[PDB]
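**Q** Once you've had a glance at the structure underneath, I'll fire off some questions.
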Amino acid sequence: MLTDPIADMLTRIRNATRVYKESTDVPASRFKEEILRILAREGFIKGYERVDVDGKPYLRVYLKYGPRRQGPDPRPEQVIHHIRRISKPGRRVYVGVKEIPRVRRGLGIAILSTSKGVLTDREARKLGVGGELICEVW
Amino acid sequence: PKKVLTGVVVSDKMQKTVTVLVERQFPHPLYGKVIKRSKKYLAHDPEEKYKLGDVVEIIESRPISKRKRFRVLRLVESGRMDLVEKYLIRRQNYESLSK
Amino acid sequence: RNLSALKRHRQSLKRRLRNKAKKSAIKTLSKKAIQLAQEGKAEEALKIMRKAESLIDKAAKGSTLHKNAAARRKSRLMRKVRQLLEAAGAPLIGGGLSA
Amino acid sequence: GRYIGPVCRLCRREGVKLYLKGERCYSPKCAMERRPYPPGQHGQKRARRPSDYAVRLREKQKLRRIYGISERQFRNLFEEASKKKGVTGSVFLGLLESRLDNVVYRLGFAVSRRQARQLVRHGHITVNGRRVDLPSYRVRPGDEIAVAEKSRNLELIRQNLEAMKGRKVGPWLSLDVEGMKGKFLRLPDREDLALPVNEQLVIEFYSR
Amino acid sequence: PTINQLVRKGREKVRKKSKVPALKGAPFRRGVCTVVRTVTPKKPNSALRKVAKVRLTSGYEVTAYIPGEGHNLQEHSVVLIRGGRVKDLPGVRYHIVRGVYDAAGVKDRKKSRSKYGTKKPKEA
Amino acid sequence: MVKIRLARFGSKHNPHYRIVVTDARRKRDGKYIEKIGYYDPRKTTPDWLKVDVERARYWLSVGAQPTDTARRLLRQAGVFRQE
RNA sequence: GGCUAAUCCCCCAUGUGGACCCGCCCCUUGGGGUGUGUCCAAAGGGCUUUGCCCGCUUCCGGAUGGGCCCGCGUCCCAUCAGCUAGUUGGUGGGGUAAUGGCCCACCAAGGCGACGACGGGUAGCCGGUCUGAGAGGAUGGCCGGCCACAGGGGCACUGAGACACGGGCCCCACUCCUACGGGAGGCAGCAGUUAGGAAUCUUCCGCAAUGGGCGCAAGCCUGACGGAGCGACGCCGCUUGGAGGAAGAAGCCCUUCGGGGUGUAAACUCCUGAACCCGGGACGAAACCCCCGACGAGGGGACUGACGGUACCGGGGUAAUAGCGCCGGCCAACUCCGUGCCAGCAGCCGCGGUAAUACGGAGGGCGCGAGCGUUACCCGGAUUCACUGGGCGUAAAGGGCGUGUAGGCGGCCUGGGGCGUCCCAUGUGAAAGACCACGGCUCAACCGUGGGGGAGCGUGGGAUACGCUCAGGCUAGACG
Ligand SMILES: [K+]
Ligand SMILES: [K+]
Ligand SMILES: [K+]
Ligand SMILES: [K+]
Ligand SMILES: [K+]
Ligand SMILES: [K+]
Ligand SMILES: [K+]
Ligand SMILES: [K+]
Ligand SMILES: [K+]
Ligand SMILES: [K+]
Ligand SMILES: [Mg+2]
Ligand SMILES: [Mg+2]
Ligand SMILES: [Mg+2]
Ligand SMILES: [Mg+2]
Ligand SMILES: [Mg+2]
Ligand SMILES: [Mg+2]
Ligand SMILES: [Mg+2]
Ligand SMILES: [Mg+2]
Ligand SMILES: [Mg+2]
Ligand SMILES: [Mg+2]
Ligand SMILES: [Mg+2]
Ligand SMILES: [Mg+2]
Ligand SMILES: [Mg+2]
Ligand SMILES: [Mg+2]
Ligand SMILES: [Mg+2]
Ligand SMILES: [Mg+2]
Ligand SMILES: [Mg+2]
Ligand SMILES: [Mg+2]
Ligand SMILES: [Mg+2]
Ligand SMILES: [Mg+2]
Ligand SMILES: [Mg+2]
Ligand SMILES: [Mg+2]
Ligand SMILES: [Mg+2]
Ligand SMILES: [Mg+2]
Ligand SMILES: [Mg+2]
Ligand SMILES: [Mg+2]
Ligand SMILES: [Mg+2]
Ligand SMILES: [Mg+2]
Ligand SMILES: [Mg+2]
Ligand SMILES: [Mg+2]
Ligand SMILES: [Mg+2]
Ligand SMILES: [Mg+2]
Ligand SMILES: [Mg+2]
Ligand SMILES: [Mg+2]
Ligand SMILES: [Mg+2]
Ligand SMILES: [Mg+2]
Ligand SMILES: [Mg+2]
Ligand SMILES: [Mg+2]
Ligand SMILES: [Mg+2]
Ligand SMILES: [Mg+2]
Ligand SMILES: [Mg+2]
Ligand SMILES: [Mg+2]
Ligand SMILES: [Mg+2]
Ligand SMILES: [Mg+2]
Ligand SMILES: [Mg+2]
Ligand SMILES: [Mg+2]
Ligand SMILES: [Mg+2]
Ligand SMILES: [Mg+2]
Ligand SMILES: [Mg+2]
Ligand SMILES: [Mg+2]
Ligand SMILES: [Mg+2]
Ligand SMILES: [Mg+2]
Ligand SMILES: [Mg+2]
Ligand SMILES: [Mg+2]
Ligand SMILES: [Mg+2]
Ligand SMILES: [Mg+2]
Ligand SMILES: [Mg+2]
Ligand SMILES: [Mg+2]
Ligand SMILES: [Mg+2]
Ligand SMILES: [Mg+2]
Ligand SMILES: [Mg+2]
Ligand SMILES: [Mg+2]
Ligand SMILES: [Mg+2]
Ligand SMILES: [Mg+2]
Ligand SMILES: [Mg+2]
Ligand SMILES: [Mg+2]
Ligand SMILES: [Mg+2]
Ligand SMILES: [Mg+2]
Ligand SMILES: [Mg+2]
Ligand SMILES: [Mg+2]
Ligand SMILES: [Mg+2]
Ligand SMILES: [Mg+2]
Ligand SMILES: [Mg+2]
Ligand SMILES: [Mg+2]
Ligand SMILES: [Mg+2]
Ligand SMILES: [Mg+2]
Ligand SMILES: [Mg+2]
Ligand SMILES: [Mg+2]
Ligand SMILES: [Mg+2]
Ligand SMILES: [Mg+2]
Ligand SMILES: [Mg+2]
Ligand SMILES: [Mg+2]
Ligand SMILES: [Mg+2]
Ligand SMILES: [Mg+2]
Ligand SMILES: [Zn+2]
């Protein structure tokens with residue numbers, strides 16, 4: 001089985017974007033879907049949608065990329081330059097509100113799971129609650 | 001506030017005394033992992049009311065004897081011998097590593 | 001070649017002899033009373049227990065048998081006497097013991 | 001210590017004309033107007049490309065020898081400036097300019113900073129009426145730096161202030177020549193100083 | 001190593017062995033000479049180095065180097081030693097302090113005098 | 001008994017006292033219960049003596065005893081004034 | 001052996017009250033109330049003398065100080081893996097201010113341990129301090145808090161309090177007296193001696209200040225303390241001059257023999273005036289006390305300075321200590337001679353065997369400066385024990401393989417709890433230190449005042465996404 005489903009989804013997204021895929025299918029879960037909501041809201045992906053593979057439900061994440069570049073390596077710039085899981089099984093990471101990291105001095109996001117739902121660093125900071133530091137994305 | 005813990009009665013072999021095992025989770029001071037420690041407390045059972053496997057609350061009390069500083073407040077839930085079996089297997093493993 | 005604080009030492013000796021005496025009386029009397037309570041002689045038992053309690057409080061007046069400790073001795077004496085007379089009955093003289 | 005000894009040899013070694021004698025660094029006798037090469041037997045030889053440490057050390061030594069401040073007080077002032085909030089270099093310069101001897105020099109009471117140091121140490125300078133004989137004294141904005149009434153009859157003060165008639169003073173200083181006094185109006189900005197020093201080089205020198 | 005491994009085993013702090021076992025961690029130590037010999041150096045060099053086997057008040061008896069041009073150290077010479085080794089002499093880890101209790105300072109020394117126990121010469 | 005006395009906190013030839021509530025059995029510069037004022041004997045600043053009057057009244061009500069110097073300093077601050 | 005006083009000791013009485021047995025009520029571990037029974041109190045002295053002052057007795061409360069108990073945290077070795085007989089528990093006692101296996105009788109056979117018992121080693125612990133971007137590492141000197149100890153060991157007495165540094169007893173070692181029977185002593189109090197050691201101070205002044213003990217007070221005691229002395233041991237301030245002064249003395253060093261360097265440096269010219277010499281000369285000291293008032297509030301009065309004729313102020317007034325390291329690269333600073341793998345240098349790389357910017361000296365230069373170097377030790381760089389923040393195909397490193405115990409970790413959906421997690425409120429976080437601001441010594445070091453902080457833990461309330469747990473459900477993992 002999967003030891004960390006959330007990290008599995010993040011790695012699926014990483015490996016997909018690294019080869020400039022159209023979309024990627026991740027085994028569906030409410031937590032994963034709530035994270036994908038933040039992703040699409042922040043513009044790292046074109047969005048997601050629930051789908052069905054042969055018998056089981058999945059989530060199609062439609063990836064996002066920049067314009068085709070000039071010169072050698074015309075591959076476009078990545079919209080998700082970096083996506084890393086922080087609170088892994090075996091070392092869980094919880095932070096207070098005064099301990100939420102400012103990712104890339106603003107240009108990134110940090111996804112938290114708080115008692116008021118799955119939020120971003122700025123969202124949680126405005127709400128005034130902390131929680132589990134799921135992952136950093138920029 | 002007198003400290004009130006919650007544990008499992010793992011020894012009723014004494015007279016008017018029970019050994020209550022109490023666990024506690026906390027993040028590691030340097031490595032942040034939520035680790036789980038435990039400690040056995042000798043609690044006072046003046047009625048022999050509590051038996052093996054009983055999950056009970058324990059309260060800080062006036063000293064009854066050397067190593068006996070706690071009383072059994074109430075019964076949380078009745079005998080669940082699974083945690084007792086876990087502790088007994090943990091103890092039984094010690095005989096296998098001598099020489 | 002020393003200072004006259006030796007005076008203090010002298011005084012302690014006197015006080016020592018003063019204390020050992022009183023206690024030695026109290027203890028003695030206590031035993032006596034308990035004997036009469038074991039043998040059932042309730043009148044003489046209580047009549048001597050009264051004197052024992054009186055000597056206890058008089059010792060408590062000074063620094064010999066201060067604090068409660070005096071109340072502790074009185075309590076143990078009265079309890080033991082009333083318990084031993086209950087094995088026989090008839091609290092004749094009706095002294096220190098309440099009705 | 002005060003490095004006491006030859007001075008125009010520093011005018012030569014630093015490569016930039018310093019003003020350590022006051023006059024005679026303006027006259028064609030500075031030995032920098034006629035011998036711009038460093039001192040010693042190997043002064044006229046072709047110079048090698050200096051290391052980065054060489055450049056920073058030379059710049060820091062230039063700025064330190066301009067004021068005649070020992071290494072101890074210099075490093076102490078720099079650490080004090082780095083503790084404070086704001087640009088370290090400009091604050092350090094404002095601190096160095098706030099020294100009483102340097103203010104006496106800037107106010108034209110003395111022709112050189114070392115002559116100003118001697119004028120201060122000998123109790124010829126007063127601050128707000130009270131006599132002060134400490135060159136390391138820090139002048140606050142608003143302090144009146146005057147000349148002692150008992151010293152206003154000395155020949156050197158008469159000469160220096162007789163030459164100050166018509167001369168302008170720094171934008172952060174006011175001068176009254178008849179009363180032989182002046183006022184430290186504010187801390188000097190970097191644009192107010194025309195020192196031939198790159199402060200960032202000294203900051204990087206102490207950054208090591 | 002995994003986090004659980006670090007909770008179980010933990011990192012091991014590294015301790016540094018002292019290059020100068022002059023006991024009590026002293027900066028200097030007094031001793032009495034035993035032999036004043038001459039040792040030949042290692043691979044790239046060739047000379048006659050002046051060494052003395054000093055018996056210390058620390059309980060040790062170790063060889064120590066005799067710096068300077070000339071020395072006056074007989075068998076029963078009482079000398080003070082300090083740290084600092086002589087690279088081209090394997091086993092010599094300590095130096096004699098010149099100017100202490102039997103070891104005169106190097107005579108006619110004029111450049112680096114404080115390192116060889118030579119006082120300031122007279123008027124110029 | 002608990003006393004109200006002075007503690008010395010300045011440097012050599014620069015004495016500065018804290019008017020302080022502490023147990024008499026403790027050293028004069030040791031752990032006190034509360035600082036109720038301060039005193040500068042050389043009168044270096046215009047405010048060289050300050051006392052918390054209500055706190056001094058409290059500690060006197062509960063049974064503290066001031067020193068002669070402490071009582072003098074308190075009396076100068078109107079701790080006992082009942083006009 | 002004899003005489004005698006008391007705030008010494010004792011008896012009886014008075015019972016506000018308190019103590020104890022028993023009963024009842026409230027409360028909930030031995031808290032509080034109530035009844036009968038019983039038991040328990042005291043000391044006098046001083047005057048301004050029949051009225052106050054210092055006291056005395058019983059009780060309740062405050063305040064302060066402490067005792068004991070509990071959660072969590074606190075170094076290294078697993079080349080220490082099993083430990084335990086008062087051991088674990090009970091009952092009843094003894095003991096203490098008080099719980100306790102603290103101690104003792106009798107009964108039960110338990111208690112602890114890889115979540116590291118037991119053993120060994122090391123070590124007072126902390127506020128803090130040093131370092132570090134931080135995390136962390138190192139450390140616990142001065143000052144403050146707690147502990148422990150008083151030649152080694154053990155023990156009780158007296159007391160509110162001690163198992164008592166300058167109290168007592170015994171054993172041991174040591175030193176001294178000794179009529180040889182026996183005694184006396186205990187600087188890890190101040191100073192000092194000696195030994196050890198690389199190394200650490202005066203057998204100083206003072207009761208003036210602050211603090212402590214006794215006393216109604218006067219006052220007495222205080223090697224606490226306040227000061228002085230010695231030591232660049234540290235930190236800070238300051239001096240050994242300032243300005244003019246040659247296309248540039250001499251000497252000394254180079255040299256293409258033209259010259260170049262030491263260098264405005266010097267001598268010199270003018271100027272100020274470190275030291276010193278005089279005179280003035282403190283703050284720290286106003287209370288206790290006395291007088292008025294009322295021994296209160298309030299007012300008034302008087303005494304008292306170790307530092308010390310010191311600080312500071314005024315006048316006078318002499319150009320008047322500079323040294324130490326380095327100069328091949330790292331690393332700022334180069335030539336000459338001597339030496340010839342010799343003598344030597346060296347933190348690492350390395351230099352010297354004929355022409356050495358590396359040895360030694362000289363001239364010159366660089367760096368700091370009443371200091372400069374060296375050695376030792378700590379952190380740093382060192383992401384080189386890697387939580388932040390590393391690795392294991394060939395560089396050090398995947399166990400020879402499996403089965404599997406503990407442990408770690410855990411697919412999807414719903415619900416309960418709220419342990420982790422998070423939030424709010426509140427308590428705690430002594431002072432000093434650190435940070436910021438203002439202020440006091442002419443500045444600074446130093447010091448004062450105010451401000452801001454802060455994790456952690458306690459308590460009350462709240463949140464439920466995730467982790468946890470319980471109950472149920474699903475089939476994508478797994479098994480059949
Ligand atoms: K951390
Ligand atoms: K066993
Ligand atoms: K009664
Ligand atoms: K004692
Ligand atoms: K009065
Ligand atoms: K003068
Ligand atoms: K003058
Ligand atoms: K030779
Ligand atoms: K040389
Ligand atoms: K292998
Ligand atoms: Mg927390
Ligand atoms: Mg449990
Ligand atoms: Mg049982
Ligand atoms: Mg018991
Ligand atoms: Mg006496
Ligand atoms: Mg006496
Ligand atoms: Mg008898
Ligand atoms: Mg007693
Ligand atoms: Mg700055
Ligand atoms: Mg800064
Ligand atoms: Mg000899
Ligand atoms: Mg105390
Ligand atoms: Mg006032
Ligand atoms: Mg009042
Ligand atoms: Mg007689
Ligand atoms: Mg009554
Ligand atoms: Mg009576
Ligand atoms: Mg009496
Ligand atoms: Mg009487
Ligand atoms: Mg009368
Ligand atoms: Mg025991
Ligand atoms: Mg018992
Ligand atoms: Mg009992
Ligand atoms: Mg006692
Ligand atoms: Mg045990
Ligand atoms: Mg455990
Ligand atoms: Mg030790
Ligand atoms: Mg820092
Ligand atoms: Mg730190
Ligand atoms: Mg520590
Ligand atoms: Mg200490
Ligand atoms: Mg201490
Ligand atoms: Mg001793
Ligand atoms: Mg002894
Ligand atoms: Mg002893
Ligand atoms: Mg007493
Ligand atoms: Mg003791
Ligand atoms: Mg003792
Ligand atoms: Mg003694
Ligand atoms: Mg004796
Ligand atoms: Mg010696
Ligand atoms: Mg001293
Ligand atoms: Mg004296
Ligand atoms: Mg005094
Ligand atoms: Mg006094
Ligand atoms: Mg002192
Ligand atoms: Mg200095
Ligand atoms: Mg000159
Ligand atoms: Mg003159
Ligand atoms: Mg006065
Ligand atoms: Mg007096
Ligand atoms: Mg009167
Ligand atoms: Mg008055
Ligand atoms: Mg005097
Ligand atoms: Mg003068
Ligand atoms: Mg170089
Ligand atoms: Mg050398
Ligand atoms: Mg070294
Ligand atoms: Mg030759
Ligand atoms: Mg040569
Ligand atoms: Mg050379
Ligand atoms: Mg030279
Ligand atoms: Mg040094
Ligand atoms: Mg190091
Ligand atoms: Mg590190
Ligand atoms: Mg680092
Ligand atoms: Mg290493
Ligand atoms: Mg790591
Ligand atoms: Mg590596
Ligand atoms: Mg293999
Ligand atoms: Mg398990
Ligand atoms: Mg398992
Ligand atoms: Mg799950
Ligand atoms: Mg689990
Ligand atoms: Mg739920
Ligand atoms: Mg909760
Ligand atoms: Mg604080
Ligand atoms: Mg710091
Ligand atoms: Mg100031
Ligand atoms: Mg806070
Ligand atoms: Mg809560
Ligand atoms: Mg809920
Ligand atoms: Mg299930
Ligand atoms: Mg199948
Ligand atoms: Zn010049």
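Identifiers in the structure tokens: chain A, B, ... in order shown; residue index from 1 per chain; ligand index from 1 in order shown.
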If you count only C-alpha atoms (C1' of nucleotides) and all ligand atoms, which residues end up within 8 Å of ligand 57, as JSON, numbers by chain?

**A** {"G": [236, 237, 370]}

**Q** Take the residues that were just selected and, keeping C-alpha atoms (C1' of nucleotides), output them as a PDB file, in the first residue's frame.

**A**
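part-v9.pdb was written with the following content:
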ATOM      1  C1'   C G 236      37.538  51.913  29.993  1.00  0.00           C
ATOM      2  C1'   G G 237      39.616  56.773  29.821  1.00  0.00           C
ATOM      3  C1'   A G 370      51.346  50.200  27.492  1.00  0.00           C
TER       4        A G 370
END

**Q** Neighbours of ligand 95 at 7 Å or closer, counting only C-alpha atoms (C1' of nucleotides) and all ligand atoms: which residues, as a compact mmCIF listing (two decimals) with C-alpha atoms, in the first residue's frame?

**A**
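Saved file pocket32.txt follows:
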# COMPACT_ATOMS: atom_id res chain seq x y z
CA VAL D 7 52.29 61.88 9.34
CA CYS D 8 52.87 62.92 5.72
CA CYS D 11 49.77 61.01 3.01
CA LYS D 17 46.69 63.30 0.16
CA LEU D 18 45.69 63.33 3.82
CA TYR D 19 45.50 66.46 5.97
CA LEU D 20 47.26 65.53 9.21
CA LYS D 21 49.32 68.72 9.65
CA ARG D 24 51.60 72.29 4.69
CA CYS D 25 49.31 69.61 3.30
CA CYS D 30 53.18 67.96 1.81
CA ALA D 31 55.71 65.52 0.24
CA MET D 32 52.54 64.25 -1.47

**Q** Report as a PyMOL selection string which protein, DNA and RNA residues come within 10 Å of ligand 5, using only C-alpha atoms (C1' of nucleotides) and all ligand atoms.

**A** (chain F and resi 72+75) or (chain G and resi 293+295-300)

**Q** Which residues of chain G sit at most 12 Å from ligand 40, using only C-alpha atoms (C1' of nucleotides) and all ligand atoms? Give each one's shortest atom pair and distance in Å (one decimal place), in chain and ascending residue order, as a Markdown table.

**A**
| residue | atom | partner | partner_atom_place_in_ligand_line | distance |
| --- | --- | --- | --- | --- |
| G:74 | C1' | ligand 40 | 1 (Mg) | 8.0 |
| G:75 | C1' | ligand 40 | 1 (Mg) | 8.2 |
| G:123 | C1' | ligand 40 | 1 (Mg) | 9.4 |
| G:124 | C1' | ligand 40 | 1 (Mg) | 10.9 |
| G:125 | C1' | ligand 40 | 1 (Mg) | 8.0 |
| G:126 | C1' | ligand 40 | 1 (Mg) | 9.0 |
| G:128 | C1' | ligand 40 | 1 (Mg) | 11.4 |
| G:129 | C1' | ligand 40 | 1 (Mg) | 11.9 |
| G:137 | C1' | ligand 40 | 1 (Mg) | 11.8 |
| G:138 | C1' | ligand 40 | 1 (Mg) | 9.3 |
| G:139 | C1' | ligand 40 | 1 (Mg) | 7.2 |
| G:140 | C1' | ligand 40 | 1 (Mg) | 7.1 |

**Q** Could you list the residues in chain B lying within 8 Å of chain A, using only C-alpha atoms, and format the result as a PyMOL selection string?

**A** chain B and resi 31-34

**Q** For the selection just defined, write its residues with N, CA, C and O atoms to a file, as a tab-separated table (two decimals), in the first residue's frame.

**A**
chain	number	residue	atom	x	y	z
B	31	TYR	N	14.14	16.03	17.67
B	31	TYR	CA	13.79	15.44	16.39
B	31	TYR	C	12.30	15.52	16.07
B	31	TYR	O	11.88	15.00	15.04
B	32	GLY	N	11.50	16.16	16.93
B	32	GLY	CA	10.13	16.51	16.61
B	32	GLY	C	9.16	15.36	16.45
B	32	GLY	O	7.95	15.61	16.42
B	33	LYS	N	9.64	14.13	16.35
B	33	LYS	CA	8.74	12.99	16.22
B	33	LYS	C	7.92	12.83	17.49
B	33	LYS	O	8.44	12.93	18.60
B	34	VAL	N	6.63	12.58	17.32
B	34	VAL	CA	5.76	12.32	18.46
B	34	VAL	C	6.07	10.93	18.98
B	34	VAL	O	5.66	9.92	18.39

**Q** Taking only C-alpha atoms (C1' of nucleotides) and all ligand atoms into account, which residues are within 10 Å of ligand 28, as a PDB file with N, CA and C atoms (P, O5', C5', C4', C3', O3' and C1' of nucleotides), in the first residue's frame?

**A**
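Result written to result-v5.pdb:
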ATOM      1  N   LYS C  61       3.404  22.316  78.597  1.00  0.00           N
ATOM      2  CA  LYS C  61       3.568  23.718  78.980  1.00  0.00           C
ATOM      3  C   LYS C  61       4.951  24.244  78.611  1.00  0.00           C
ATOM      4  N   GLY C  62       5.993  23.461  78.873  1.00  0.00           N
ATOM      5  CA  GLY C  62       7.355  23.850  78.570  1.00  0.00           C
ATOM      6  C   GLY C  62       7.816  23.367  77.210  1.00  0.00           C
TER       7      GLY C  62
ATOM      8  P     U G   7      10.037  35.322  90.088  1.00  0.00           P
ATOM      9  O5'   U G   7      10.214  35.044  88.529  1.00  0.00           O
ATOM     10  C5'   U G   7      10.312  36.120  87.599  1.00  0.00           C
ATOM     11  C4'   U G   7      10.428  35.625  86.176  1.00  0.00           C
ATOM     12  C3'   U G   7      11.785  35.034  85.794  1.00  0.00           C
ATOM     13  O3'   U G   7      11.589  34.037  84.788  1.00  0.00           O
ATOM     14  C1'   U G   7      11.325  36.871  84.407  1.00  0.00           C
ATOM     15  P     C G   8      11.205  32.524  85.176  1.00  0.00           P
ATOM     16  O5'   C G   8      12.567  31.909  85.728  1.00  0.00           O
ATOM     17  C5'   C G   8      13.560  31.403  84.846  1.00  0.00           C
ATOM     18  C4'   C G   8      14.256  30.205  85.439  1.00  0.00           C
ATOM     19  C3'   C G   8      13.345  29.043  85.814  1.00  0.00           C
ATOM     20  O3'   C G   8      13.069  28.192  84.715  1.00  0.00           O
ATOM     21  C1'   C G   8      14.772  29.546  87.634  1.00  0.00           C
ATOM     22  P     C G   9      11.553  27.816  84.341  1.00  0.00           P
ATOM     23  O5'   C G   9      11.211  26.602  85.312  1.00  0.00           O
ATOM     24  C5'   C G   9      12.018  25.434  85.325  1.00  0.00           C
ATOM     25  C4'   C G   9      11.786  24.614  86.570  1.00  0.00           C
ATOM     26  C3'   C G   9      10.334  24.329  86.920  1.00  0.00           C
ATOM     27  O3'   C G   9       9.780  23.260  86.170  1.00  0.00           O
ATOM     28  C1'   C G   9      11.481  25.048  88.855  1.00  0.00           C
ATOM     29  P     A G  42       0.910  28.315  85.034  1.00  0.00           P
ATOM     30  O5'   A G  42       1.461  29.793  84.816  1.00  0.00           O
ATOM     31  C5'   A G  42       2.487  30.067  83.871  1.00  0.00           C
ATOM     32  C4'   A G  42       2.556  31.542  83.575  1.00  0.00           C
ATOM     33  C3'   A G  42       2.831  32.430  84.783  1.00  0.00           C
ATOM     34  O3'   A G  42       4.216  32.598  85.034  1.00  0.00           O
ATOM     35  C1'   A G  42       0.903  33.208  83.658  1.00  0.00           C
ATOM     36  P     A G  43       4.819  32.355  86.504  1.00  0.00           P
ATOM     37  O5'   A G  43       5.884  33.527  86.674  1.00  0.00           O
ATOM     38  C5'   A G  43       6.063  34.180  87.927  1.00  0.00           C
ATOM     39  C4'   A G  43       6.030  35.683  87.785  1.00  0.00           C
ATOM     40  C3'   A G  43       4.715  36.258  87.263  1.00  0.00           C
ATOM     41  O3'   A G  43       4.502  37.548  87.839  1.00  0.00           O
ATOM     42  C1'   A G  43       6.459  36.809  85.771  1.00  0.00           C
ATOM     43  P     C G  56       7.086  38.515  76.289  1.00  0.00           P
ATOM     44  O5'   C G  56       6.353  37.876  77.551  1.00  0.00           O
ATOM     45  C5'   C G  56       7.103  37.269  78.590  1.00  0.00           C
ATOM     46  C4'   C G  56       6.214  36.720  79.678  1.00  0.00           C
ATOM     47  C3'   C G  56       5.095  35.798  79.223  1.00  0.00           C
ATOM     48  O3'   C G  56       5.538  34.471  78.993  1.00  0.00           O
ATOM     49  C1'   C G  56       4.248  37.380  80.769  1.00  0.00           C
ATOM     50  P     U G  57       4.944  33.614  77.770  1.00  0.00           P
ATOM     51  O5'   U G  57       3.488  33.209  78.268  1.00  0.00           O
ATOM     52  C5'   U G  57       3.305  32.532  79.502  1.00  0.00           C
ATOM     53  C4'   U G  57       1.845  32.289  79.780  1.00  0.00           C
ATOM     54  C3'   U G  57       1.023  31.822  78.591  1.00  0.00           C
ATOM     55  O3'   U G  57       1.165  30.437  78.335  1.00  0.00           O
ATOM     56  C1'   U G  57      -0.129  33.551  79.721  1.00  0.00           C
TER      57        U G  57
END

**Q** Give me, as a PyMOL selection string, the residues of chain F that a backbone DSSP run labels strand (DSSP E or B).

**A** chain F and resi 2-8+11+14+17-23+34-39+49-51+65-66

**Q** Which polymer residues have any atom within 9 Å of an atom of residue 1 (chain F), counting only C-alpha atoms (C1' of nucleotides), with same-chain residues fewer than 5 positions away left out, as a list in words?

**A**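 In the requested form, the answer reads residues 22, 23, 24, 25, 63, 64 and 65 of chain F; 63 and 64 of chain G.
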
**Q** Do you have the CA of residue 28 (chain E)-CA of residue 70 (chain E) distance handy?

**A**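 Atom-to-atom, CA of residue 28 (chain E) to CA of residue 70 (chain E), that is 21.9 Å.
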
**Q** Contacts of residue 135 (chain A) at 10 Å or less, counting only C-alpha atoms (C1' of nucleotides), minus same-chain residues fewer than 3 places along, as a PyMOL selection string?

**A** chain A and resi 6-7+10+35+83-88+93+109-113+120+132

**Q** Within 7 Å of residue 3 (chain B), counting only C-alpha atoms (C1' of nucleotides), which residues show up once you throw out same-chain ones fewer than 4 positions away? Write them as a ChimeraX atom specification, please.

**A** /B:59-60 /G:71

**Q** Give the residue list for ligand 83 at 9 Å, counting only C-alpha atoms (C1' of nucleotides) and all ligand atoms, as a list in words, sorted by chain and then by residue number.

**A** residues 410, 411, 412 and 467 of chain G

**Q** I'd like the contact shell of region 79-92 of chain D - 6 Å cut-off, only C-alpha atoms (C1' of nucleotides), skipping same-chain residues fewer than 2 positions apart - returned as a VMD selection string.

**A** chain D and resid 76 to 77 94 to 95 190 199

**Q** Take the residues that were just selected and, keeping C-alpha atoms, output them as a short mmCIF file (atom, residue, chain, number, x, y, z; two decimals), in the first residue's frame.

**A**
data_model
loop_
_atom_site.label_atom_id
_atom_site.label_comp_id
_atom_site.auth_asym_id
_atom_site.auth_seq_id
_atom_site.Cartn_x
_atom_site.Cartn_y
_atom_site.Cartn_z
CA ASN D 76 34.47 49.81 19.38
CA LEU D 77 32.73 52.62 17.49
CA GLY D 94 28.28 60.23 12.13
CA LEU D 95 29.82 58.74 15.27
CA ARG D 190 27.10 60.92 4.04
CA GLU D 199 32.62 52.90 3.91
#

**Q** For ligand 7, list the contacting residues at 10 Å or closer, counting only C-alpha atoms (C1' of nucleotides) and all ligand atoms, as number ranges by chain.

**A** D: 122, 150-151; G: 272-273, 315-317

**Q** Pick out the residues sitting within 12 Å of region 71-78 of chain C, and hand them over as a PyMOL selection string; count only C-alpha atoms (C1' of nucleotides), and ignore anything fewer than 2 positions along from it in its own chain.

**A** (chain C and resi 23+26-27+29-35+37+45-46+48-60+65-69+80-85+95-98) or (chain G and resi 18-22+30+38-40+93-98)

**Q** What residues in chain G have any atom no more than 12 Å from chain D when counting only C-alpha atoms (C1' of nucleotides), and can you write them as a PyMOL selection string?

**A** chain G and resi 235-248+253-255+260-266+270-274+313+321-323+330-336+357+363-371+381+435-436+442-444
